[PDB]
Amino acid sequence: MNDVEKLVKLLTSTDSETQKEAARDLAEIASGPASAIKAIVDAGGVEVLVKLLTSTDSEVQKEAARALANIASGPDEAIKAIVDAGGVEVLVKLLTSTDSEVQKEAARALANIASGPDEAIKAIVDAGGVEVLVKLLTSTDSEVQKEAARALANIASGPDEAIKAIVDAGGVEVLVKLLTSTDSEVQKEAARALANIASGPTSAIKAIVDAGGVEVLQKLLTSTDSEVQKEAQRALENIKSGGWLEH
């Protein structure tokens, strides 16, 4: 066995300390090159990490989720490995963990998965992750809010079905509420999510209009944060086009 294969073996230790440490080392390795990530994938690390997500020890869950989130930030092949191992359905369940770090890592992993191919986003939608993520937008934990908003923004950059899922879950109204959040990062992600939702079907534009989103986006044109301004402008222009008709 090579070094990565040894770490992956330690993930199966019966000692939480050993498990957490192996997952932590794998997470660090995953934060490196795409080649390092491919090493973990070829070593069967994803399947094992996905199993660790079901650990009764939140510490193990958090570290395994963190490793997968780092892996999910790699090549599409890495993301596909996670999806094919059934990792999305499990990460969606961890979104409701009472442990905030588990929630955060789970959301960050889903957000990274959502930055992948349309098939990766579909996996999240089919797993019912959108409705759960929308609920997390109102988490009392700022970090959880940020990751949830970022995940939704990425999901909204996918196919029509993904945006429709956000709309049906009532996410538009919630995201519009977050446009005036004092948490800069949250506001930026909420603005990007809406700009993306606005490039979808006309029905999504209608939801934005109903939520009074046009008036809120208009005020953000004066935001001192250029990223928020930039997203607000893109969202407004998309709204002006009216979205794509559902024929």
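Residue numbers run from 1 along the displayed sequence.
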item	value
Of 218-226 and 191-199, the stretch whose C-alpha atoms average the higher B-factor in the entry	218-226
70-78 or 115-123, whichever carries the higher mean Cα B-factor	70-78
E237, C-alpha B-factor rank within chain (lowest, middle or highest third)	middle
Cα B factor band for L53 (lowest, middle or highest third within the chain)	lowest
Lowest, middle or highest third - CA B-factor, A23	middle
Chain-relative CA temperature factor third for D84	middle
Ranked C-alpha temperature factor of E147 among modelled chain residues, by third	middle
